[PDB]
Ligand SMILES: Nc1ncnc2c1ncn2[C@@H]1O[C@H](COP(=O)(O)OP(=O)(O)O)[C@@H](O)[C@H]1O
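One chain comes next, on its own, written out as structure tokens in the form solved without this ligand.
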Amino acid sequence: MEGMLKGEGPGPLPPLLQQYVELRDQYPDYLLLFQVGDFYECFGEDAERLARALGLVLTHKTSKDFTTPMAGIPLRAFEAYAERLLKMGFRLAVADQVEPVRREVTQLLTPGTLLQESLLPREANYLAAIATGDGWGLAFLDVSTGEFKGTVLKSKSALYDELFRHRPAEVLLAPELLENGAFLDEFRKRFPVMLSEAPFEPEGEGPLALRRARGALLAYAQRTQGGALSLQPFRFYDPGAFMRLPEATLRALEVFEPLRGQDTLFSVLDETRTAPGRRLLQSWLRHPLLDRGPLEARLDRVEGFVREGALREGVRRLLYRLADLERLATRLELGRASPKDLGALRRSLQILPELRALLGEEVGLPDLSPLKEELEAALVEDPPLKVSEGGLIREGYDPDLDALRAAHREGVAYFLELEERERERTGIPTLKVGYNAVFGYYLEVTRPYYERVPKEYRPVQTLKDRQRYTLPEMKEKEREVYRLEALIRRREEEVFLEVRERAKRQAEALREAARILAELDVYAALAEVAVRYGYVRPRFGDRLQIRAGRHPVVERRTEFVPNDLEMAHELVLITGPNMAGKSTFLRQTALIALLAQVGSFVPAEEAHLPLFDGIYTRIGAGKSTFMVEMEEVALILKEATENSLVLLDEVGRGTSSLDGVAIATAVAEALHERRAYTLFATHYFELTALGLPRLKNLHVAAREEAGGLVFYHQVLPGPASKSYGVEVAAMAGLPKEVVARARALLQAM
């Protein structure tokens, strides 16, 4: 309700609450955080919301004709609370007091539009918009980076995969999608991301669905940033031009996220030193390449750093904790760079010369020494972006500012002398000089010396154990001091703005530097990983031949038994007992293929790999488990080509015996005919004898050693000759009698 506040009493709202309600109504989609002193406050129903969400203590804001509930949080703890509130589904509108009893919204906090470094992860934070037309328009925006890109997908499936691959923090759905109760529930069940409203008026040229999705991002984000956004050129892209990595595949392979128990492929490759670099590597992983040319070039760069140890080590040492120049450039362009930002920037530009001396001219790094010297001359060594927005420009930089401060230092020195002269003249070694916004400059005497205070003194305020007096010659000195403090804050602000502007003019140079370094960062990190964990440079061809391949994530935890693999558009069945590494073997094959097509060396002794058009998996655990799996099998059968890598794990399970085998056979045959590279781990000895021309068998076995049965992870040629289902049951502690019947029945069958 507009202008209405929840509480008791008649009378209109007092000034403070009126100002609050007015602001609160200009942003109905957000929780308004109103600054009141050292706190951010919410009133009425909003207080109750903040209180319950954060477990705060509800109080009251009372005036003569109205009393309303109240809850707030300390300014000092803002970021911490904002983060929780954002994660909790809240959208925040921040109203701060405008420097010299007047509040204004300074920030509009939304999960997908965050611009504060402190509330962001190193990785890209995307805002995504979806709209219809000829197919699906999908567009992404990273306000902190300016990254702006999109595409058009023909099927809902492809859309969902493109969406998932980017893990957006917030989604804007077109009106025809928000009204579609069918889509909405399907969408909310699959993507538990915050959904926000936005007008989908078209923008720019191209497919209408894209023009619209793009219109929504811009309109919504501009609102969040209170005006013009700082975006890089919108980039249209074709998912079809890269290796396909559906959601199911990304999850099963734990590329970016763990299924259960930490450690992902990305964490193992987590060796970059800079945020732009981590971002770039994530970008490459997200969309692996299909073209040999660019891949071979990337591999050369990595090989370069592997051979040039001193250089590699030199670069990595220098990039350590280097500031995110790309996001800094964005904060500058938007007129939001803080004094701290400029401090971080000058520090970064002091490292730049070192990187270039090491890297050389061909690298193309910009020379920003002029900017560096300016920041070195202008800023205090530790810019107090927060300490007051003052005490920022160092002495010596600006003459007008220096003169004012010097005038001020004398005023302060004056009162220091006034104090000494007075405690010598009065004999009160305790006599003090202090200032207060209310009484200004005064003299202070403790209770024990009240009878030594001269009569010239005019008492002005009495406290518990002391009293403050005044002296005729003190007034003019006070107001002059206050006059100077105002002039100083004002001048120092002007200088900061001028300094900040000079840094702003170099924004493109900053982005260019950030980009070149991000690449260097990635190549050097892939090289370090390769050298550190023993990775080799892959070679591309039609046949897949891997010697001593290992699962890159798993081997970092235990001693890994490497395995070989040779495939060429074949249906490879892997029989044998579970707990023998069959699953990890399928996954490691996929990870080596993914790494190679990203331009990284791989965990093997030798690896000849084809350039897959995609990796499709059916691995791991209202709709039953069987139907979920059949749905995944359906997508594989519909998307896999002769150039796809397909990984199936126990496909066919979860139903009756016969239907189960009939299904896996039909699926196996379809894949055998598709000419895809298929690794099918199964228990169906029956599939092992289909006799199709490109059908190949492999298996793992177990041996009842000292323990009673030890599963060997060595992948062996030919099909499994034995079944250990019963033996495992016997090992599980199932009654000997029951184990015996099973064997009897097993053989009897």
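Numbers for residues come from their place in the sequence shown, where the first is 1.
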query: Absent coordinates for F266 in a third or more of other compared entries; finding: no
query: Across other compared entries, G652 missing in at least a third; finding: no
query: Deposited residues lacking coordinates between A228 and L229 (none, 1 to 3, 4 to 9, 10 or more); finding: none
query: Unresolved deposited residues lying between neighbours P100 and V101; finding: 4 to 9
query: Which of 606-614 and 181-189 has higher mean CA B factor, as the PDB entry lists it; finding: 181-189
query: Stretch exceeding the other in mean C-alpha B-factor - 669-677, 254-262; finding: 254-262
query: Top Cα B factor in the deposited entry, candidates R500, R466, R331, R547; finding: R466
query: From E559, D367, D300, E493, residue of greatest CA B-factor; finding: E559
query: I428, C-alpha B-factor rank within chain (lowest, middle or highest third); finding: highest
query: B-factor third for the C-alpha atom of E326 within its chain; finding: lowest
query: CA B-factor placement of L217, once the chain's modelled residues are sorted into thirds; finding: lowest
query: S624, C-alpha B-factor rank within chain (lowest, middle or highest third); finding: middle
query: B-factor third for the C-alpha atom of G112 within its chain; finding: lowest
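One more form of this protein, deposited with this ligand bound, exists but is not displayed; see below.
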{"property": "Partner contact for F560 in the deposited bound form: this ligand, 4.5 angstroms, heavy atom", "result": "yes"}
{"property": "Any non-hydrogen atom of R327 within 4.5 angstroms of this ligand in the deposited bound form", "result": "no"}
{"property": "4.5 angstroms heavy atom contact with this ligand in the deposited bound form for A580", "result": "yes"}
{"property": "Contact of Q282 with this ligand in the deposited bound form (heavy atom, 4.5 Å)", "result": "no"}
{"property": "Single option in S196, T132, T426, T584 placed near this ligand in the deposited bound form, where near means a heavy atom within 4.5 Å", "result": "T584"}
{"property": "Contacting member of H60, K722, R52, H713, with respect to this ligand in the deposited bound form [4.5 Å, heavy atom]", "result": "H713"}
{"property": "Segment that reaches this ligand in the deposited bound form - one of 572-580, 487-495, 346-354, 433-441, heavy atoms within 4.5 Å", "result": "572-580"}
